[PDB]
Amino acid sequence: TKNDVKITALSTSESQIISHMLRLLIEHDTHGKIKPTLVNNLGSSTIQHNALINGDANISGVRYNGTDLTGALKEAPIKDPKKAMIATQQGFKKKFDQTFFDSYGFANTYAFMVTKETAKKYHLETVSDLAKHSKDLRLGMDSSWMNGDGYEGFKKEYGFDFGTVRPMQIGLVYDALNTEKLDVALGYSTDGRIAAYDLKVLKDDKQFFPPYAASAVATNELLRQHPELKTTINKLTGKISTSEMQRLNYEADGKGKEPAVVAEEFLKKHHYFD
């Protein structure tokens, strides 16, 4: 139709890519009648949430369900993917009059990861596959993770521990793995370096971590004013696998492209999902 759309974005390339993708897709579907702008460089999803609640914006480009379920919704974590998403969507509707969309198709979670040579050597697919070997392996993790859903809880849940642990900056675990300073890293599952270095992300077979499925959020006030936008936003539902988000992040962080350029190239490649 024609009116006022503002999309919150974090300072992460991931948020900026998907926020620009929504901006461009809305421009496309509305033939320039709606030209959204970004409320960019926000520090956290608390800041994103507060913007929507305060009327400072009406779309969040990307929100993660496990974050918003225990954060904004103030609820207990749910481990099962389907029931966690249902609880998140019901909560956003009833507490905040917002639609938390079905997922883009990726999750951005802490995940254990190894190089391709290490995954081959030890036949690794799941976190449990590490059990026999972990005593001889070097683990790198974010320093904030040393401390009930950190390393102690993981050791209790999974039933094994590592020969060496190295608490460090999460941003540096990918290169430390690539350079063989680590054998295993607890990294973020969509980091572009997973694509750049062909790293193998292991399945959390015991669901030690809750889901962090990524979705758009829009206020229902906006969706009531412009019903067409719900159809627009839903065009992206399921269209970005975890592997694809890794690739897109690589385009921005490894190849140095603007998130707006990465978003547009992706949209053109898929004919704007028309």
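One rule holds for the numbers: they count along the sequence shown, beginning at 1.
The entry models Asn147 and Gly148 with a gap of 1 to 3 deposited residues left without coordinates.
Between the stretches 245-253 and 33-41, it is 33-41 that shows the larger average CA temperature factor. If you average the C-alpha B-factors over 98-106 and over 67-75, the higher value belongs to 67-75.
For the set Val114, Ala111, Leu139, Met168, the PDB entry assigns the largest Cα B-factor to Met168.
Among all modelled residues in this chain, the alpha-carbon of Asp183 has a temperature factor (C-alpha) in the lowest third.
Ranked by C-alpha B-factor against the other modelled residues of its chain, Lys235 falls in the lowest third. Per the deposited record, the Cα B-factor of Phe209 falls in the middle third when ranked against the other modelled residues of its chain. Among all modelled residues in its chain, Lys2 ranks in the highest third by Cα B-factor. Placement of the Cα temperature factor of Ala131 within the chain: highest third of the modelled residues, per the deposited record.
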